[PDB]
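What follows is a single chain, given as structure tokens, in the form deposited in one PDB entry.
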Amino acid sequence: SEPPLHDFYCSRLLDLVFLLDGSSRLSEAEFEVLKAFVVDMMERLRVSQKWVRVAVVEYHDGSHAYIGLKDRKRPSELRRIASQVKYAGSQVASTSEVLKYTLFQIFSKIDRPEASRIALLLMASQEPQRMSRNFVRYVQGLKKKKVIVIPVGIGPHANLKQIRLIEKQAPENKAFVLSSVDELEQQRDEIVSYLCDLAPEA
């Protein structure tokens, strides 16, 4: 076990998934800022199987899960793993494929009905139209499992059309549209407060 590093600490029943855009729309430096944001967020959550569980997935044309909700590791080790996520700089970053992964590989088997489910979709690009056929269906599938999707649009290449579609699916699906990764730290606490408020108290 490890104590909180800050006074601001979400201590509720929540399963939170960080989905990171691995496309080259973000430079290696910007991706580091994105990871720093993820780490900063994690520090403000009571990470534990009995409180806030976390998952981290980097998506390109396919995806790489670095941390799974059930991974029983020290919060500090989980944060270290997140800080070490490798920069992909891929030509394509499919939001449809990563939402499919979230729906069928993260929240397929609900081992924790007592926790709220949230997917923080950090987007900086637009996937090829040929990969979006089931986009709306996966978002609706998530909605039906009460998996709240919070899209964070970063920069002008972010898929704003999909962000808007996501917001439309469920009231809790709130979007955060930022001009760049440098604005993430500015809105971090607001984002944490929003999602923590969504989760049940123990």
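Numbering starts at 1 and follows the sequence shown.
Not pictured, yet referred to below: the form deposited with a partner chain bound.
- Under a 4.5 angstroms non-hydrogen atom cutoff, its partner chain in the bound PDB entry has residue 132 among its neighbouring residues.
- When its partner chain is considered in the bound PDB entry, residue 146 lies well away from it, no heavy atom lying within 4.5 Å.
- Contact check for residue 69: every heavy atom lies farther than 4.5 Å from its partner chain in the bound PDB entry.
- Although the partner is absent from this view, residue 136 contacts its partner chain in the bound PDB entry, with a non-hydrogen atom inside 4.5 angstroms.
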